[PDB]
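Subsequent text provides structure tokens for two forms of one protein chain, presented individually as structure 1 and structure 2.
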Structure 1
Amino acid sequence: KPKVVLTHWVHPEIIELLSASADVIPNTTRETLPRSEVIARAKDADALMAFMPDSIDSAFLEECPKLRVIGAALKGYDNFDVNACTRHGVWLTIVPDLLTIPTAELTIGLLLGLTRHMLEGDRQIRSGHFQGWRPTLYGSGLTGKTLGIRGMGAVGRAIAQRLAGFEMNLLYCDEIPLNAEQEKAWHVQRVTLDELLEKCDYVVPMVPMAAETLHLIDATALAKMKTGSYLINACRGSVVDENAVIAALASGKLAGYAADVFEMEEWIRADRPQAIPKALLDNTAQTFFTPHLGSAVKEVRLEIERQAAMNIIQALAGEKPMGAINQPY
């Protein structure tokens, strides 16, 4: 039977699904193996299930000459050398984009946790000093306040659909406008970016991959927005300028920053740090963060895993995998 190496943890029903026809080497832990260990297990693997920390280049593929398919549990492939996979006879497949809705829900969670001081409220309960209502942790409400979504892709649309019930004044800017039926269903008004920043209490950058500009919010955009406003970032790491956020945090220009993504995360940008700034990390008062949980819901992660596994089973049986992005040999 063929051998499939899985670089990260999958749910056990996926293991049993692959084990009908392949010999499965699981990563039993929640950790990322080092490159030296991955190549060691896949030295003689017929298939490899790859995830976001994986990095497939010609050096990797030369050390794995038995490989016939790489099944990516990812919706894109920026970290693979696709043409090298082809040159070496390796199918390279992806899965559809299933992240849109769980990321809009977590963006909103981020919004509420930050503006309602829910972390420091949890900390005070986890002490012992709680003895009832107190005039503290007076936060900031959504109702009647104005919120702006910089981008209006599928995920920005997913937020607006969900914020619709919150009696807010939702502004959006985007080069292409929503259908007028969507604008009336979600009471969301289209404006410029000068307007959006000037007038918003909450700014959420949320642009589809197609409309890409790095550092979309910098100190230049921070100065333009309302004083004491809040910024929430779960789009991508490059979209926010972290050092300029820290500046507005200090000058009272920002009362809060929340983020599920960071610029350090990425390695295709040359100006990459590789730790999260200590300035945002010590400020537990004005910040709320989570470790790229944007898609960390079980139903979604399971469906992403099944589809890469199906991709893998299909290629091994000598079929064209439904998810191919290349045609090898």
Structure 2
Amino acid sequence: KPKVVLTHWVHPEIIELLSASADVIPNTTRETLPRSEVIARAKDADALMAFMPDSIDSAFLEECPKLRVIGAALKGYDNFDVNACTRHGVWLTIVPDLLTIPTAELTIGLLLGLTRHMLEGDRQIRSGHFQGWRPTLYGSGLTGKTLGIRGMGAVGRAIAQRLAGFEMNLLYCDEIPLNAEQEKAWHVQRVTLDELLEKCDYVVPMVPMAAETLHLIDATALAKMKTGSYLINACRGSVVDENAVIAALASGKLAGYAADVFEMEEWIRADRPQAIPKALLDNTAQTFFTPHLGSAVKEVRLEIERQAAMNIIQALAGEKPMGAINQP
């Protein structure tokens, strides 16, 4: 009977589901196991469920010569050597379209919490000094203001759809435009990038790479934005220069910065910092942060785990896994 290693905690139903066709080595804790321990568990495994902090490379795959399938519970595969997985006869599978909506909804939450000073607000209530309304924490509203979605991939369309009823002025830029049916329905108007930066009170960078590279909201892009604008990054840690944000925050150019992702997460880069800049951590007045909760919805995580499990079950049964992106 084959053996499947799960690197991170999954719901008990996923373990029962996998158990009929394999012996399951689960992570009973909610912490990331070190790479040495993951390799030790998977050394004689036939299947592995990988998560975001997993980095499958040539070294990993040669330590695990019995690996037949890696069911990744992820949308992207930037920490997998896909061709090496092919080299080693390992099915590599992903899970699409499940992370789009909860990332769009958390992006909107990030916008409201930052523009309405909801964090400072909660600090005022817990302090125990609340004795009624005060002329404090005046923020910026949504209606009548201009929001720009740079990049109109899956998540951007889900944000535009949800912001359509907020009576905003919605701008977007993308090399590929939406059609007039979509543009009219979400009342979203296409512009260029320089136009987006100049006119927008809120900027939301959001497209999975196509014509772009890294650090695209940089000091140059920040110099083009409206003074007192806001930037919301729930996309990827690499698209925003965090030191440029610190400077723009201090110069007054930016009024706020909210983020679900950080530069320290990009283990694929060598210019990677190893912490979130203290200047951003100390600025509770102008920042709003969450620890990569873009898909941290109980119901969604369960369906993400289920899809990874079914890929593993299918590959172990000799079928082609539904989520496969390669061919061993």
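By rigid core we mean the largest C-alpha set that fits within 1.5 Å across both forms. Along the sequence of structure 1, residues get numbers from 1 upward.
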**Fill in**
At the hinge separating the two rigid parts between structure 1 and structure 2 sits, of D97, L214, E266, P277, the option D97
**Item:** Relative rigid-part rotation, degrees, compared between structure 1 and structure 2
**Value:** 9
**Complete:** After superposing on the rigid core, the Cα of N283 moves between structure 1 and structure 2 by an amount in angstrom of 0.3
**Complete:** Superposed on the core, the Cα displacement of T86 between structure 1 and structure 2 in Å comes to 4.1
**Prompt:** Core-aligned, what's the Cα displacement of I56 between structure 1 and structure 2 in Å?
**Reply:** 2.3
